[PDB]
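Asker: my complex, first installment, coordinates as in the assembly:
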Amino acid sequence: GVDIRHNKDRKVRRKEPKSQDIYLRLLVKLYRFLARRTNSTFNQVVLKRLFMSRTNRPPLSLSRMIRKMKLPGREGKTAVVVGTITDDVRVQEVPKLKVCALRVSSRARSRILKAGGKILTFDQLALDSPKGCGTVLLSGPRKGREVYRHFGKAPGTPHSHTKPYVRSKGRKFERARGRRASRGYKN
Amino acid sequence: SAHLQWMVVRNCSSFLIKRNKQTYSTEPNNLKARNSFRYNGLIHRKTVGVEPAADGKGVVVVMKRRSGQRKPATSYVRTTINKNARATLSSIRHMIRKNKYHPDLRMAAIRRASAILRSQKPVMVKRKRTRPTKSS
Amino acid sequence: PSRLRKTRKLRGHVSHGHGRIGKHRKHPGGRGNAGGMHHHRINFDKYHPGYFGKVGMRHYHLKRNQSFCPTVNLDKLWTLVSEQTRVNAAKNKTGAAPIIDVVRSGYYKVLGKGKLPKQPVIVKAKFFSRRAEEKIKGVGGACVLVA
């Protein structure tokens, strides 16, 4: 008899993508290979991200991709995003970029290409740079989802600012006993 | 591609046959009857297939062109080899090795031809061997 | 797809995943939102702060269309018009400034979030913010009230 807890012996990370789609799965076959045979950890990070959920690979807006490449020095590079590239209607002038993405929305595609931008697929990125050399690996804001505003220290727990799940906002949906001082108390 | 359409097909094709813990595949120009990527007639730009001759004597090799698949009518190109066993193999060998065509296959293609030339063994001889038929 | 659901995997086991000390009885709490004050209170006042109690003024024959006032931010004002108004402008050389009827596009108020590009406008709208006005003037434009 041995004393170990077998409690957290199984690591819960993903191995493959849970999706069954065939084009992504080909990318996975390609980046598994590169991951293992190259020294590049870029390939490993990319590989890891191909297995993740929709939630877990959030969309990267065009404006966010602009400003991250506006940063000093990462000039004449390629931005990479395992998610999708979306438009920003609240940005106007779009520099000529180099981009990798699993998806780019039709607007975002036009705007970039009109600028003299190049768009790449991930099979194309590999041939272009199999060890991820000269890349900017970005990500969309993970904690964008409105979901997260309900997460945390519960509402009605002093110093929480945590959206309650409520049928409809309005004068008479919550905001009585436990928010006003006038009505019982407040947190 | 080859790989893309293998993704579509791997588990669903009419030619496949699971059952009894094995799997197999019945698509034509698959030597080794495997549901493999390697050994699949329909998928690959260049294909080998070693069937027996309809005569009952000999073997047919079945190359695929590259010229134009899209046009299956014209795509495969058959060729009977009805020669002295040892020769038959060598002709297949050269077809495969010295044309640099499907080099991966080739030894499987030889064994198939070999087994086919075994088939055309003698049925009567086998019957004699199994039963002694002596003194009732 | 019953095939996939959990009761298929519970077949054979006695309690059906509801335990055997305590069981699956009918309504052990009370039905629904029963006990909001008594005996379910803690859940109510740690996930629904402010359920209980009145507040504010009644309003008898509310009709929502009276208070209709959809807003738009400067952020994306140029979105209302075709790019070639914003292009034939930063060009032209008359110092023209194209009109943007915001009420046509379905927004009544113009509030002031965001940077407006240095490029004159005439914004026609039912209502404006203070800041939205200011930003518009700073671009070298003119806010315009409409009924």
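Answerer: Everything's here; your move. Numbering: from 1, shown residues only, chains lettered A, B, ... in the order given.
Asker: Can you name the residue of chain B nearest to chain A?
Answerer: Nearest residue of chain B to chain A (C-beta to the nearest C-beta) works out as residue B:7 at 3.7 Å. To be clear about C-beta, it is placed using only N, CA and C from the backbone, and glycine gets the same treatment.
Asker: So that residue sits against residue A:22, correct?
Answerer: Yes. In this structure, residue B:7 sits in contact with residue A:22. The criterion is C-beta atoms under 8 Å, and the distance is 3.7 Å.
Asker: a helix runs through the residue of chain B closest to chain A, doesn't it?
Answerer: Yes. Following the definition DSSP: H, G, I helix; E, B strand; the rest coil, residue B:7 is counted among the residues of a helix.
Asker: Identify the residues contacting it.
Answerer: With contact taken as C-beta atoms under 8 Å, 6 or more residues apart in numbering or on different chains, residue B:7 is in contact with A:22, A:25, A:26.
Asker: I would like a PyMOL command selecting only the buried ones among those, please.
Answerer: The following PyMOL selection, which keeps only the buried ones among those, applies the criterion 16 or more other C-beta atoms under 10 Å in any protein chain shown:
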select buried, chain A and resi 25+26
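Asker: Please produce TSV containing the contacts of residue B:7, extended by secondary structure and distance to residue C:59.
Answerer: Written out in TSV, the entries for those read as follows (DSSP: H, G, I helix; E, B strand; the rest coil; distance: C-beta to C-beta, whole Å):
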residue	secondary structure	distance to residue C:59
A:22	helix	58
A:25	helix	58
A:26	helix	60
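Asker: here's chain D, drop it on:
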Amino acid sequence: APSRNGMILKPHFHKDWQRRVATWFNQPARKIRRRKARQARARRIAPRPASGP
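Answerer: Adding chain D to what we have so far:
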């Protein structure tokens, strides 16, 4: 009984509602019937607009 976070929600299934469920298996059959009846009315008002007035 409520369990840790969720909309304290009021469904309106306390009356005998299953006595008054109204299915829509008609609707295709309906949609046709209107459409026939429509084409008939056109044909009756011969060169007059199908529209109406």
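Asker: gap between the host helix or strand of residue B:129 and the chain center?
Answerer: Following DSSP states H and E, one finds residue B:129 within helix B:123-130. A distance of 27 Å separates the centroid of the chain from that of helix B:123-130, by C-alpha atoms, centre = their mean, to the nearest Å.
Asker: Now do whichever residue of chain D sits closest to chain B against residue D:35, distance only.
Answerer: For chain D, the residue positioned closest to chain B under C-beta to the nearest C-beta is residue D:28, at a distance of 33.4 Å. Between residue D:28 and residue D:35 the distance is 11 Å, computed by C-beta to C-beta, to the nearest Å.
Asker: Kindly report the same for residue D:49.
Answerer: As for residue D:49, its distance to residue D:35 is 17 Å (criterion: C-beta to C-beta).
Asker: now do residue B:126
Answerer: 75 Å.
Asker: just residue A:143 next, same as before
Answerer: 52 Å.
Asker: which residues sit in contact with the residue lying closest to residue B:33 once chain neighbours are set aside?
Answerer: Counting by C-beta to C-beta, 6 or more residues apart in numbering or on different chains, the nearest residue to residue B:33 once its immediate chain neighbours are dropped is residue B:24, at 5.0 Å. Each residue near residue B:24 by C-beta under 8 Å, 6+ apart is listed here: B:16, B:17, B:18, B:33, B:34, B:35.
Asker: mind adding chain E? sequence follows:
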Amino acid sequence: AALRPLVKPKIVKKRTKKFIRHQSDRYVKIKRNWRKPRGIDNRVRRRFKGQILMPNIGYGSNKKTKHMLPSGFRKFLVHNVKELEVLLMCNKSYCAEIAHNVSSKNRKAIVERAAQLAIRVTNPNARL
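Answerer: This next block brings in chain E, placed alongside the chains you saw above:
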């Protein structure tokens, strides 16, 4: 002089008797078919000394010889002639079973074809 398989190793089995179901002996209503007991007290399900055994993955077969018939082959249930020609390139490792439902005319047609290709049949001398 029957068809020898390619490799005829020693199959070695961990357990030979069927695991039978608790109290299948006592009652005609209970069938031998294994069932794990889920009873709160249960001699068997709590592994007492002297009781009927519970199947585990412990008893598992060695992967080399799992599904290996005594003869050395694995079955493959052939259904008609066309279905045989699969085994052509195995024959030394898989044999052909013919199905129960196949007719005594075309049972014959299969058997002689398998005899050309040297695929061993596991129920040939039968229908007649």
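Asker: Check the contacts of residue B:7 one more time with chain E there.
Answerer: A:22, A:25, A:26.
Asker: Count the residues that sit near the spatially closest residue to residue E:5 that is not a sequence neighbour.
Answerer: Nearest in space to residue E:5, with sequence neighbours left out and distances taken as C-beta to C-beta, 6+ apart, is residue E:72 at 3.5 Å. The local packing of residue E:72 (other C-beta atoms under 10 Å in any protein chain shown) involves 19 other residues.
Asker: Going by distance to residue E:105, which of the contacts of residue B:7 wins?
Answerer: Sorting these by distance to residue E:105 puts residue A:22 at the head of the list, at 44.9 Å, by C-beta to C-beta.
Asker: from memory that closest one sits against residue B:6, does it?
Answerer: No. Counting by C-beta under 8 Å, residue A:22 stays clear of residue B:6, with 9.0 Å between them.
Asker: so what's in contact with these two at the same time?
Answerer: Listed as contacting both residue A:22 and residue B:6 by C-beta under 8 Å, 6+ apart is no residue at all.
Asker: Report the secondary structure state of residue B:115.
Answerer: Residue B:115 falls in the helix class when you classify it by three-state DSSP.
Asker: Please disregard the earlier target; I meant residue B:118.
Answerer: Note that with three-state DSSP, the state of residue B:118 is helix.
Asker: Which residue, neighbours along the chain excluded, lies closest to it?
Answerer: Nearest residue to residue B:118, sequence neighbours excluded (C-beta to C-beta, 6+ apart): residue E:118, at 6.7 Å.
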